[PDB]
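Contents: one structure, followed by commentary.
Don't worry about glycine lacking a Cβ; one is built from the backbone with ideal geometry, like all the others, and counts go over all protein chains shown. Nothing in this text is a laboratory measurement; each read-out follows from the coordinates by a stated rule.
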Amino acid sequence: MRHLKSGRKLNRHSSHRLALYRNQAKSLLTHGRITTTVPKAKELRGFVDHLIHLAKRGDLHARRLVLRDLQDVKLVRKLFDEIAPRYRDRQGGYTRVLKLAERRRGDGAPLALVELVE
Amino acid sequence: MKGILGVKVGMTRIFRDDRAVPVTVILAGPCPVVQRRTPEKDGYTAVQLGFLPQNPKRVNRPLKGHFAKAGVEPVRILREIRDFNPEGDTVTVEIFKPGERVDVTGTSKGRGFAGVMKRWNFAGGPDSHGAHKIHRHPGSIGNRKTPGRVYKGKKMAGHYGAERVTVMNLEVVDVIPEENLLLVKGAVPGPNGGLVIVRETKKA
Amino acid sequence: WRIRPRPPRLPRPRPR
Amino acid sequence: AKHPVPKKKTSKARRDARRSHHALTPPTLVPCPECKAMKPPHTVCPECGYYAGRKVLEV
Amino acid sequence: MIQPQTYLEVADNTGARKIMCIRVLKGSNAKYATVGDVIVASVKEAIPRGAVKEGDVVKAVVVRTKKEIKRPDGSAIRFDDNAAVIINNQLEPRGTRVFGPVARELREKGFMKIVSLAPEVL
Amino acid sequence: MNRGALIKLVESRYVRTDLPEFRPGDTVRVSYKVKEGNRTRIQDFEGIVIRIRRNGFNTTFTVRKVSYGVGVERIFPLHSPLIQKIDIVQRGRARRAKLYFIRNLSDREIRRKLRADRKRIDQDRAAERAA
RNA sequence: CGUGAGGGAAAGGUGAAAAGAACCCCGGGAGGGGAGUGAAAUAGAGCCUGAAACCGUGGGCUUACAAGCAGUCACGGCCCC
RNA sequence: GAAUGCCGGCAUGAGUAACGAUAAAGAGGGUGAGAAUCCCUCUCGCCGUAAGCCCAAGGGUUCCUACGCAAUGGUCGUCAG
RNA sequence: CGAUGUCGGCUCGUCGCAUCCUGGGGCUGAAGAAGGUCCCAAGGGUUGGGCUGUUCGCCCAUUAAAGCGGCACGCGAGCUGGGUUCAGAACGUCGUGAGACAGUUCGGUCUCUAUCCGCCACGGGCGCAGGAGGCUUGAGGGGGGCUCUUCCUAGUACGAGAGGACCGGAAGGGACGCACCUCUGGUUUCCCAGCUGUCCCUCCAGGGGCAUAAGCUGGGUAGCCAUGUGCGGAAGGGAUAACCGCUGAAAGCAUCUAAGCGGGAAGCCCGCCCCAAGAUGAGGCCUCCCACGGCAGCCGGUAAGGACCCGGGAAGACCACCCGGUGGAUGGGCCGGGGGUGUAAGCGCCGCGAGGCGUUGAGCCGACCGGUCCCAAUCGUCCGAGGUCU
Ligand SMILES: [Mg+2]
Ligand SMILES: [Mg+2]
Ligand SMILES: [Mg+2]
Ligand SMILES: [Mg+2]
Ligand SMILES: [Mg+2]
Ligand SMILES: [Mg+2]
Ligand SMILES: [Mg+2]
Ligand SMILES: [Mg+2]
Ligand SMILES: [Mg+2]
Ligand SMILES: [Mg+2]
Ligand SMILES: [Mg+2]
Ligand SMILES: [Mg+2]
Ligand SMILES: [Mg+2]
Ligand SMILES: [Mg+2]
Ligand SMILES: [Mg+2]
Ligand SMILES: [Mg+2]
Ligand SMILES: [Mg+2]
Ligand SMILES: [Mg+2]
Ligand SMILES: [Mg+2]
Ligand SMILES: [Mg+2]
Ligand SMILES: [Mg+2]
Ligand SMILES: [Mg+2]
Ligand SMILES: [Mg+2]
Ligand SMILES: [Mg+2]
Ligand SMILES: [Mg+2]
Ligand SMILES: [Mg+2]
Ligand SMILES: [Mg+2]
Ligand SMILES: [Mg+2]
Ligand SMILES: [Mg+2]
Ligand SMILES: [Mg+2]
Ligand SMILES: [Mg+2]
Ligand SMILES: [Mg+2]
Ligand SMILES: [Mg+2]
Ligand SMILES: [Mg+2]
Ligand SMILES: [Mg+2]
Ligand SMILES: [Mg+2]
Ligand SMILES: [Mg+2]
Ligand SMILES: [Mg+2]
Ligand SMILES: [Mg+2]
Ligand SMILES: [Mg+2]
Ligand SMILES: [Mg+2]
Ligand SMILES: [Mg+2]
Ligand SMILES: [Mg+2]
Ligand SMILES: [Mg+2]
Ligand SMILES: [Mg+2]
Ligand SMILES: [Mg+2]
Ligand SMILES: [Mg+2]
Ligand SMILES: [Mg+2]
Ligand SMILES: [Mg+2]
Ligand SMILES: [Mg+2]
Ligand SMILES: [Mg+2]
Ligand SMILES: [Mg+2]
Ligand SMILES: [Mg+2]
Ligand SMILES: [Mg+2]
Ligand SMILES: [Mg+2]
Ligand SMILES: [Mg+2]
Ligand SMILES: [Mg+2]
Ligand SMILES: [Mg+2]
Ligand SMILES: [Mg+2]
Ligand SMILES: [Mg+2]
Ligand SMILES: [Mg+2]
Ligand SMILES: [Mg+2]
Ligand SMILES: [Mg+2]
Ligand SMILES: [Mg+2]
Ligand SMILES: [Mg+2]
Ligand SMILES: [Mg+2]
Ligand SMILES: [Mg+2]
Ligand SMILES: [Mg+2]
Ligand SMILES: [Mg+2]
Ligand SMILES: [Mg+2]
Ligand SMILES: [Mg+2]
Ligand SMILES: [Mg+2]
Ligand SMILES: [Mg+2]
Ligand SMILES: [Mg+2]
Ligand SMILES: [Mg+2]
Ligand SMILES: [Mg+2]
Ligand SMILES: [Mg+2]
Ligand SMILES: [Mg+2]
Ligand SMILES: [Mg+2]
Ligand SMILES: [Mg+2]
Ligand SMILES: [Mg+2]
Ligand SMILES: [Mg+2]
Ligand SMILES: [Mg+2]
Ligand SMILES: [Mg+2]
Ligand SMILES: [Mg+2]
Ligand SMILES: [Mg+2]
Ligand SMILES: [Mg+2]
Ligand SMILES: [Mg+2]
Ligand SMILES: [Mg+2]
Ligand SMILES: [Mg+2]
Ligand SMILES: [Mg+2]
Ligand SMILES: [Mg+2]
Ligand SMILES: [Mg+2]
Ligand SMILES: [Mg+2]
Ligand SMILES: [Mg+2]
Ligand SMILES: [Mg+2]
Ligand SMILES: [Mg+2]
Ligand SMILES: [Mg+2]
Ligand SMILES: [Mg+2]
Ligand SMILES: [Mg+2]
Ligand SMILES: [Mg+2]
Ligand SMILES: [Mg+2]
Ligand SMILES: [Mg+2]
Ligand SMILES: [Mg+2]
Ligand SMILES: [Mg+2]
Ligand SMILES: [Mg+2]
Ligand SMILES: [Mg+2]
Ligand SMILES: [Mg+2]
Ligand SMILES: [Mg+2]
Ligand SMILES: [Mg+2]
Ligand SMILES: [Mg+2]
Ligand SMILES: [Mg+2]
Ligand SMILES: [Mg+2]
Ligand SMILES: [Mg+2]
Ligand SMILES: [Mg+2]
Ligand SMILES: [Mg+2]
Ligand SMILES: [Mg+2]
Ligand SMILES: [Mg+2]
Ligand SMILES: [Mg+2]
Ligand SMILES: [Mg+2]
Ligand SMILES: [Mg+2]
Ligand SMILES: [Mg+2]
Ligand SMILES: [Mg+2]
Ligand SMILES: [Mg+2]
Ligand SMILES: [Mg+2]
Ligand SMILES: [Mg+2]
Ligand SMILES: [Mg+2]
Ligand SMILES: [Mg+2]
Ligand SMILES: [Mg+2]
Ligand SMILES: [Mg+2]
Ligand SMILES: [Mg+2]
Ligand SMILES: [Mg+2]
Ligand SMILES: [Mg+2]
Ligand SMILES: [Mg+2]
Ligand SMILES: [Mg+2]
Ligand SMILES: [Mg+2]
Ligand SMILES: [Mg+2]
Ligand SMILES: [Mg+2]
Ligand SMILES: [Mg+2]
Ligand SMILES: [Mg+2]
Ligand SMILES: [Mg+2]
Ligand SMILES: [Mg+2]
Ligand SMILES: [Mg+2]
Ligand SMILES: [Mg+2]
Ligand SMILES: [Mg+2]
Ligand SMILES: [Mg+2]
Ligand SMILES: [Mg+2]
Ligand SMILES: [Mg+2]
Ligand SMILES: [Mg+2]
Ligand SMILES: [Mg+2]
Ligand SMILES: [Mg+2]
Ligand SMILES: [Mg+2]
Ligand SMILES: [Mg+2]
Ligand SMILES: [Mg+2]
Ligand SMILES: [Mg+2]
Ligand SMILES: [Mg+2]
Ligand SMILES: [Mg+2]
Ligand SMILES: [Mg+2]
Ligand SMILES: [Mg+2]
Ligand SMILES: [Mg+2]
Ligand SMILES: [Mg+2]
Ligand SMILES: [Mg+2]
Ligand SMILES: [Mg+2]
Ligand SMILES: [Mg+2]
Ligand SMILES: [Mg+2]
Ligand SMILES: [Mg+2]
Ligand SMILES: [Mg+2]
Ligand SMILES: [Mg+2]
Ligand SMILES: [Mg+2]
Ligand SMILES: [Mg+2]
Ligand SMILES: [Mg+2]
Ligand SMILES: [Mg+2]
Ligand SMILES: [Mg+2]
Ligand SMILES: [Mg+2]
Ligand SMILES: [Mg+2]
Ligand SMILES: [Mg+2]
Ligand SMILES: [Mg+2]
Ligand SMILES: [Mg+2]
Ligand SMILES: [Mg+2]
Ligand SMILES: [Mg+2]
Ligand SMILES: [Mg+2]
Ligand SMILES: [Mg+2]
Ligand SMILES: [Mg+2]
Ligand SMILES: [Mg+2]
Ligand SMILES: [Mg+2]
Ligand SMILES: [Mg+2]
Ligand SMILES: [Mg+2]
Ligand SMILES: [Mg+2]
Ligand SMILES: [Mg+2]
Ligand SMILES: [Mg+2]
Ligand SMILES: [Mg+2]
Ligand SMILES: [Mg+2]
Ligand SMILES: [Mg+2]
Ligand SMILES: [Mg+2]
Ligand SMILES: [Mg+2]
Ligand SMILES: [Mg+2]
Ligand SMILES: [Mg+2]
Ligand SMILES: [Mg+2]
Ligand SMILES: [Mg+2]
Ligand SMILES: [Mg+2]
Ligand SMILES: [Mg+2]
Ligand SMILES: [Mg+2]
Ligand SMILES: [Mg+2]
Ligand SMILES: [Mg+2]
Ligand SMILES: [Mg+2]
Ligand SMILES: [Mg+2]
Ligand SMILES: [Mg+2]
Ligand SMILES: [Mg+2]
Ligand SMILES: [Mg+2]
Ligand SMILES: [Mg+2]
Ligand SMILES: [Mg+2]
Ligand SMILES: [Mg+2]
Ligand SMILES: [Mg+2]
Ligand SMILES: [Mg+2]
Ligand SMILES: [Mg+2]
Ligand SMILES: [Mg+2]
Ligand SMILES: [Mg+2]
Ligand SMILES: [Mg+2]
Ligand SMILES: [Mg+2]
Ligand SMILES: [Mg+2]
Ligand SMILES: [Mg+2]
Ligand SMILES: [Mg+2]
Ligand SMILES: [Mg+2]
Ligand SMILES: [Mg+2]
Ligand SMILES: [Mg+2]
Ligand SMILES: [Mg+2]
Ligand SMILES: [Mg+2]
Ligand SMILES: [Mg+2]
Ligand SMILES: [Mg+2]
Ligand SMILES: [Mg+2]
Ligand SMILES: [Mg+2]
Ligand SMILES: [Mg+2]
Ligand SMILES: [Mg+2]
Ligand SMILES: [Mg+2]
Ligand SMILES: [Mg+2]
Ligand SMILES: [Mg+2]
Ligand SMILES: [Mg+2]
Ligand SMILES: [Mg+2]
Ligand SMILES: [Mg+2]
Ligand SMILES: [Mg+2]
Ligand SMILES: [Mg+2]
Ligand SMILES: [Mg+2]
Ligand SMILES: [Mg+2]
Ligand SMILES: [Mg+2]
Ligand SMILES: [Mg+2]
Ligand SMILES: [Mg+2]
Ligand SMILES: [Mg+2]
Ligand SMILES: [Mg+2]
Ligand SMILES: [Mg+2]
Ligand SMILES: [Mg+2]
Ligand SMILES: [Mg+2]
Ligand SMILES: [Mg+2]
Ligand SMILES: [Mg+2]
Ligand SMILES: [Mg+2]
Ligand SMILES: [Mg+2]
Ligand SMILES: [Mg+2]
Ligand SMILES: [Mg+2]
Ligand SMILES: [Mg+2]
Ligand SMILES: [Mg+2]
Ligand SMILES: [Zn+2]
């Protein structure tokens, strides 16, 4: 059935779904705010919050870890140098998902924004 | 004929006389008597019970006035045990003791729109030898011109589970009065955290 | 059970 | 299969009977506490950009 | 879990080696036999000039199964093959020895002479 | 409420701590209690622990042996009151966590694949010096 | 349409006169609403007349315990002249 | 008024099946009355004895620009054979 | 005949009873056991194989038993396509010939979309004279209905012996059913590890993609599961069938019956489990709101309540159901525990090296049991009684 299952499938197979999350982490950590569909947005929260948390740690293990999903050493530096300090005292919840009022025209998909918290 | 409201909590096995007895644990007690059904006013004999304290905020006005007339603080569930009139005005696990024998009623795990093989233990079709897109399909559903129709109650696919299920003659293994725990060797309907009812057995 | 085998009245359908 | 086809042309009455469940439900809307404009609930106000009492985006 | 067509090893000096179960002697329509159940079997591979020969039809009781067996004490046990022991109608072994451990469940089922002759009752 | 707490609570009375810790690969000897006809015996089952599945109180470990030409696997609950005592008889080094693969190996292959975990042997003998 | 020989349609009508609708307004356009023309603009170019099936908006009577080739005969109720 | 009639018009099925390979998408920026679909960027994926390239037949302006979006494009379109 | 697709198989059953078994009986050339035979009884059950297209039939091994029939020889808009109707080819036979044969042989297009009834599930609407939130009665339906072996009685009754009970009381199974995941056993699409070829990041080390819609391999939580586990078939009351009686005339005797009363089946009615007041005959009880403004009707604003919207959920196709919505632990994050994997990178040291050792049960780490307001359930809006008549 589906009883007590975690995480959407989002109409992608196993690698595509992982890529989907990685490229959005790349995008979200790059711009600090992105518009997407509301399902995707809610899914983005944790995948990113793990990365920010591992940034907060800072040891070499954590960076080499995050690198596997983000691949970009300049980007990861933004994560450890500029982003992570903002959260040393924040006990999780480094992302925000707000829903937007208007819809896509070509398929009425409902939209949301995902940004990083102050 | 005594009963009690309770919640299914989870299964385990213990060891009793070098034998392994698989039990399920039910947080039964305590259940305050909220109303009593008497022949004069209602027709039959039963007790309305209560479970799980509730936010007096969450409990609406007509409900509130009901609870109050009995002297009870707001509680999440009202259910009746039939042909039961306990002496006190509050029911605990201690109305059962080990060696007894119970009937347990819960809501089964809902299997949603279930197929005909899951729901009715059918046997579908072959998975080779030319069998054509019918591997999970029921088969024939009727006859021909006579009767030219389908028997009422025909076993077909549809929703299955999330229905009331009562299991009979379950050994009371142990009662933990302090923590309001009731042990019962066997399988009780429903999921953990599901509301259940524990009455004395109908069997003998 | 009909002892005398019963011959088909129709051909197996073929495209026309 | 054997190509199930319809038997009788459905009545005017009957197809409209089928469609008694087809009425759209009008959009459910609330006034924005900042700019008073009728917006969907739990959505950032699309006409002044406010949500939760603060400014969130540009409109 | 022995059932018709199951091959089994014979664990005695009856001269058989493989038997092919063809019925579980357990009531009307039993699905599988386990340790302690009789079966009717066909001898499929024997050794020359023995108690039994190829193609015989002999009863036999199953002494160890490659499916595990649960026990009331929570334990379980499974062996590395499926083995049986040939018998006469009076459930007595038709050979003189037994080869390899047998489940203690044979005692409770009354196959004493097999348990006693076994090298290890487990 | 806490359903998990309540369950761990029932499991209490039956929990043991007298048992020496062991890992897959460790050859071991279980002294187990059996009933035969009437009497009660302590029968010893001795072999390499090949799996250890945990569920807290419901944890259970499987023990592979070879008996008079037949392989015997044997499952024991780690908190059974029929288990008198367990004596480690040899520590081994498992690069794996479930050793099902040794079912298919000869003697000289298993000895080659489960060498003595000298690290834990050294600690074993370093314990037991409770002077 | 057919390789080809060869097969082989559909499709007429503003008004007397273009006087074919400047200008303004909504709209991206289409389209429409005023203004104007005209005897007439449901003659506005998708244009004489503009039937029927078919779709629709509004109104009157009626319909959610009821069995039907759908009508018909009677009676009662409501609405209209 | 019926010829499985002929011609055309319009219904039903029905907002239903389907929207043409399961190689795959995500975000930012721009244009614009309008953007999942056009352009730019970065990211991800597919082909690589091809899903790249050059000839021949055949097709016959489909080439390149500019300005367009009624229809054509299975949606959208500011884009386009 | 402007088409009613035709054997057998599979699947799903449903009914009849002229009953194969199980139950209850009479008669027996019925000692006991076991049979024969007739009557009552359709509740439930009625196995797995070898051969043949086969239905059927024989055979093997069991069994309580391996019933016979109807439903378009039930069931091709459910499946098969072995038999049999097409065209190809051959054998025997027939025919000068083309060809042909209830004679044999090898091969041979089975059609994605369900309008109406019916059926399985799920809602929306209205009604149930005031409007509401709960909790219920159960009219009437449905489901279930099986049976074996061993022991005790007792090697007793019976019998020359072999053989072997009625009744009564124990325990253990087979098949089916509902439920469940503690255990056993699966899966567990990215939860951990290992490995090859190639391209890449960043040279080393470390990593990433692709080799499937997991590249391969070893493992695996929650969940969904059976091979695993729990429990069910009853008990018991009532009325009965065949059959057996008590009392008893008509008919001084006899008669189970004509008056009356018993006993007597797995069968019928209750009883068990489940659905159910659309049971329009629309039930019952507990609690809540209550005489609001204007010309048995209308128009508003409200009451108690409800709904929309949102966070969600072992609930679920949508709908519904159930929980929560800041006065809050609902999802996400985070933290602790569990659990899986089984000792990460980094450094130090050892070896020429592939590696090895230690740090280190380390590192990573879905869902499981919990905590935590860090993030998101902001803010609100709309419907909603004034109660007809004797
Ligand atoms: Mg499923
Ligand atoms: Mg699925
Ligand atoms: Mg969850
Ligand atoms: Mg995932
Ligand atoms: Mg899909
Ligand atoms: Mg898709
Ligand atoms: Mg897609
Ligand atoms: Mg889709
Ligand atoms: Mg892949
Ligand atoms: Mg965007
Ligand atoms: Mg997580
Ligand atoms: Mg560093
Ligand atoms: Mg990671
Ligand atoms: Mg579109
Ligand atoms: Mg669009
Ligand atoms: Mg919206
Ligand atoms: Mg659980
Ligand atoms: Mg105890
Ligand atoms: Mg309940
Ligand atoms: Mg449920
Ligand atoms: Mg479900
Ligand atoms: Mg199920
Ligand atoms: Mg089922
Ligand atoms: Mg099944
Ligand atoms: Mg089957
Ligand atoms: Mg199957
Ligand atoms: Mg089958
Ligand atoms: Mg086919
Ligand atoms: Mg298939
Ligand atoms: Mg099909
Ligand atoms: Mg079918
Ligand atoms: Mg009929
Ligand atoms: Mg349901
Ligand atoms: Mg049920
Ligand atoms: Mg019992
Ligand atoms: Mg045709
Ligand atoms: Mg089909
Ligand atoms: Mg087909
Ligand atoms: Mg079709
Ligand atoms: Mg017709
Ligand atoms: Mg019609
Ligand atoms: Mg009409
Ligand atoms: Mg109409
Ligand atoms: Mg209709
Ligand atoms: Mg519809
Ligand atoms: Mg509407
Ligand atoms: Mg052997
Ligand atoms: Mg041997
Ligand atoms: Mg031979
Ligand atoms: Mg031979
Ligand atoms: Mg011995
Ligand atoms: Mg010895
Ligand atoms: Mg737990
Ligand atoms: Mg587990
Ligand atoms: Mg060994
Ligand atoms: Mg080694
Ligand atoms: Mg070591
Ligand atoms: Mg052409
Ligand atoms: Mg031609
Ligand atoms: Mg031409
Ligand atoms: Mg022609
Ligand atoms: Mg004209
Ligand atoms: Mg003219
Ligand atoms: Mg004129
Ligand atoms: Mg203008
Ligand atoms: Mg303008
Ligand atoms: Mg303008
Ligand atoms: Mg334009
Ligand atoms: Mg104009
Ligand atoms: Mg206009
Ligand atoms: Mg105009
Ligand atoms: Mg004028
Ligand atoms: Mg005009
Ligand atoms: Mg006119
Ligand atoms: Mg005119
Ligand atoms: Mg016209
Ligand atoms: Mg004229
Ligand atoms: Mg006209
Ligand atoms: Mg016209
Ligand atoms: Mg007209
Ligand atoms: Mg109208
Ligand atoms: Mg009207
Ligand atoms: Mg009428
Ligand atoms: Mg009526
Ligand atoms: Mg009426
Ligand atoms: Mg009517
Ligand atoms: Mg009639
Ligand atoms: Mg009629
Ligand atoms: Mg008519
Ligand atoms: Mg009259
Ligand atoms: Mg005529
Ligand atoms: Mg026609
Ligand atoms: Mg026709
Ligand atoms: Mg005509
Ligand atoms: Mg025509
Ligand atoms: Mg025509
Ligand atoms: Mg025309
Ligand atoms: Mg036409
Ligand atoms: Mg026509
Ligand atoms: Mg038309
Ligand atoms: Mg019409
Ligand atoms: Mg149409
Ligand atoms: Mg139709
Ligand atoms: Mg239509
Ligand atoms: Mg539509
Ligand atoms: Mg639809
Ligand atoms: Mg349809
Ligand atoms: Mg289609
Ligand atoms: Mg198509
Ligand atoms: Mg579709
Ligand atoms: Mg297609
Ligand atoms: Mg392909
Ligand atoms: Mg496609
Ligand atoms: Mg494919
Ligand atoms: Mg992106
Ligand atoms: Mg893009
Ligand atoms: Mg433009
Ligand atoms: Mg557009
Ligand atoms: Mg895009
Ligand atoms: Mg874009
Ligand atoms: Mg577009
Ligand atoms: Mg696209
Ligand atoms: Mg572009
Ligand atoms: Mg980027
Ligand atoms: Mg190449
Ligand atoms: Mg291609
Ligand atoms: Mg050319
Ligand atoms: Mg062309
Ligand atoms: Mg266009
Ligand atoms: Mg345009
Ligand atoms: Mg144009
Ligand atoms: Mg087009
Ligand atoms: Mg278009
Ligand atoms: Mg196209
Ligand atoms: Mg071009
Ligand atoms: Mg015919
Ligand atoms: Mg016809
Ligand atoms: Mg026809
Ligand atoms: Mg026809
Ligand atoms: Mg036949
Ligand atoms: Mg009879
Ligand atoms: Mg009998
Ligand atoms: Mg009988
Ligand atoms: Mg005799
Ligand atoms: Mg007798
Ligand atoms: Mg008799
Ligand atoms: Mg029957
Ligand atoms: Mg058979
Ligand atoms: Mg064979
Ligand atoms: Mg056969
Ligand atoms: Mg046959
Ligand atoms: Mg035959
Ligand atoms: Mg018999
Ligand atoms: Mg027999
Ligand atoms: Mg029949
Ligand atoms: Mg039948
Ligand atoms: Mg007939
Ligand atoms: Mg027929
Ligand atoms: Mg037939
Ligand atoms: Mg049919
Ligand atoms: Mg048929
Ligand atoms: Mg067919
Ligand atoms: Mg057929
Ligand atoms: Mg048919
Ligand atoms: Mg048909
Ligand atoms: Mg054929
Ligand atoms: Mg074929
Ligand atoms: Mg043939
Ligand atoms: Mg001749
Ligand atoms: Mg001649
Ligand atoms: Mg002649
Ligand atoms: Mg022939
Ligand atoms: Mg013939
Ligand atoms: Mg033939
Ligand atoms: Mg062939
Ligand atoms: Mg098809
Ligand atoms: Mg329909
Ligand atoms: Mg109808
Ligand atoms: Mg019909
Ligand atoms: Mg309803
Ligand atoms: Mg009333
Ligand atoms: Mg009311
Ligand atoms: Mg209510
Ligand atoms: Mg409600
Ligand atoms: Mg009830
Ligand atoms: Mg009833
Ligand atoms: Mg009824
Ligand atoms: Mg009944
Ligand atoms: Mg029964
Ligand atoms: Mg005796
Ligand atoms: Mg006696
Ligand atoms: Mg004797
Ligand atoms: Mg007895
Ligand atoms: Mg059954
Ligand atoms: Mg089931
Ligand atoms: Mg379940
Ligand atoms: Mg379950
Ligand atoms: Mg579990
Ligand atoms: Mg397991
Ligand atoms: Mg498991
Ligand atoms: Mg990961
Ligand atoms: Mg190599
Ligand atoms: Mg690689
Ligand atoms: Mg490297
Ligand atoms: Mg390394
Ligand atoms: Mg690449
Ligand atoms: Mg590639
Ligand atoms: Mg790929
Ligand atoms: Mg492969
Ligand atoms: Mg991989
Ligand atoms: Mg795997
Ligand atoms: Mg596994
Ligand atoms: Mg799992
Ligand atoms: Mg599990
Ligand atoms: Mg099972
Ligand atoms: Mg079972
Ligand atoms: Mg049972
Ligand atoms: Mg009875
Ligand atoms: Mg007498
Ligand atoms: Mg007398
Ligand atoms: Mg008498
Ligand atoms: Mg009488
Ligand atoms: Mg009587
Ligand atoms: Mg008597
Ligand atoms: Mg009686
Ligand atoms: Mg019974
Ligand atoms: Mg109920
Ligand atoms: Mg009601
Ligand atoms: Mg009710
Ligand atoms: Mg009635
Ligand atoms: Mg009425
Ligand atoms: Mg009434
Ligand atoms: Mg009433
Ligand atoms: Mg009521
Ligand atoms: Mg009543
Ligand atoms: Mg739902
Ligand atoms: Mg939902
Ligand atoms: Mg919806
Ligand atoms: Mg909704
Ligand atoms: Mg509620
Ligand atoms: Mg609520
Ligand atoms: Mg609120
Ligand atoms: Mg609320
Ligand atoms: Mg929370
Ligand atoms: Mg809570
Ligand atoms: Mg939490
Ligand atoms: Mg979630
Ligand atoms: Mg732990
Ligand atoms: Mg651990
Ligand atoms: Mg190491
Ligand atoms: Mg290391
Ligand atoms: Mg290293
Ligand atoms: Mg060195
Ligand atoms: Mg090593
Ligand atoms: Mg660990
Ligand atoms: Mg982690
Ligand atoms: Mg952890
Ligand atoms: Mg707190
Ligand atoms: Mg507001
Ligand atoms: Zn605003």
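The stretch B:1-66 holds strands (runs of 3 or more DSSP E) entirely within its bounds, and those carrying 2 or more residues that are within 14 Å of chain E (Cβ to nearest Cβ), surrounded by 13 or more Cβ atoms within 10 Å (Cβ to Cβ) and away from ligand 54 (no atom under 16 Å from the Cβ) map to B:3-16, B:19-27. Please work out if B:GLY161 is within 16 Å of ligand 1 (Cβ to nearest atom) and within 14 Å of chain A (Cβ to nearest Cβ). Answer is yes for this residue. Within the stretch A:52-71, identify whether any single residue is closer than 30 Å to D:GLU58 by Cα and exposed (fewer than 13 other Cβ atoms within 10 Å of the Cβ), and answer yes or no. No, the stretch A:52-71 contains no residue that is closer than 30 Å to D:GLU58 by Cα and exposed (fewer than 13 other Cβ atoms within 10 Å of the Cβ).
Residues of the stretch B:48-69 that are free of Cβ contacts under 8 Å to residues at least 40 places away in the same chain and either touching a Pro at 6+ places or on another chain (Cβ under 8 Å) or among the acidic types (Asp, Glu) (or both): B:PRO53, B:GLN54, B:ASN55, B:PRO56, B:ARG58, B:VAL59, B:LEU63, B:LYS64, B:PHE67. Within the stretch F:77-94, the residues that satisfy the criterion of being surrounded by fewer than 18 Cβ atoms within 10 Å (Cβ to Cβ), away from chain E (no Cβ under 14 Å) and in a strand (DSSP E or B) are F:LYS85, F:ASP87, F:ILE88, F:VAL89, F:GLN90. When the test is whether a residue is within 14 Å of chain F (Cβ to nearest Cβ), more than 16 Å from ligand 53 (Cβ to nearest atom) and either surrounded by 15 or more Cβ atoms within 10 Å (Cβ to Cβ) or more than 14 Å from the chain's Cα centre (by Cα) (or both), B:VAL116 does not pass it. A single member of F:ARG74, F:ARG64, F:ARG54, F:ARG41 is more than 11 Å from every other protein chain (Cβ to nearest Cβ) and either in contact with a strand residue (DSSP E or B) (Cβ under 9 Å, 6 or more places away or on another chain) or buried (at least 17 other Cβ atoms within 10 Å of the Cβ) (or both), and it is F:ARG54. Among the numbered conditions (1) hydroxyl-bearing (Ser, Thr, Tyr); (2) more than 9 Å from chain E (Cβ to nearest Cβ); (3) within 29 Å of E:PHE99 (Cα to Cα), the only one that F:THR59 does not meet is (3). Have a look at E:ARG97, E:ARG49 and point out the one that is outside any strand (DSSP E or B) and touching a residue at least 60 places away in the same chain (Cβ under 8 Å). After ruling out the rest, the residue left standing is E:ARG97.
Beta carbons closer than 7 Å, at least 6 apart along the sequence or on distinct chains, never pair a first residue in chain C that is within 14 Å of chain D (Cβ to nearest Cβ) with a second that is among the aliphatic types (A, V, I, L, M) and within 16 Å of ligand 21 (Cβ to nearest atom).
Conditions (1) over 23 Å from F:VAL70 (Cα atoms); (2) within 11 Å of chain F (Cβ to nearest Cβ); (3) not hydroxyl-bearing (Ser, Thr, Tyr), marked per residue:
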position: E:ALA16; (1), (2), (3): no, no, yes
position: E:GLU45; (1), (2), (3): no, no, yes
position: E:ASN82; (1), (2), (3): no, yes, yes
position: E:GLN90; (1), (2), (3): yes, no, yes
position: E:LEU117; (1), (2), (3): no, no, yes
position: E:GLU120; (1), (2), (3): no, yes, yes
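Comparison of B:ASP83, B:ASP127 shows that the only residue that is without any contact (Cβ under 8 Å) to a residue 60 or more places away in the chain, more than 17 Å from B:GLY6 (Cβ to Cβ), among the acidic types (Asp, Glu) and away from ligand 17 (no atom under 16 Å from the Cβ) is B:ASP127.
Here A:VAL73, A:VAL97, A:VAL48, A:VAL66 are screened, and the one residue that is within 14 Å of chain D (Cβ to nearest Cβ) and of a type outside the set (D, E, K, R) is A:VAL97.
For the stretch A:31-118, the strands (runs of 3 or more DSSP E) that sit wholly inside it and include 2 or more residues that are free of Cβ contacts under 8 Å to residues at least 60 places away in the same chain and under 12 Å from the mean Cα position of the chain (by Cα) are A:95-103.
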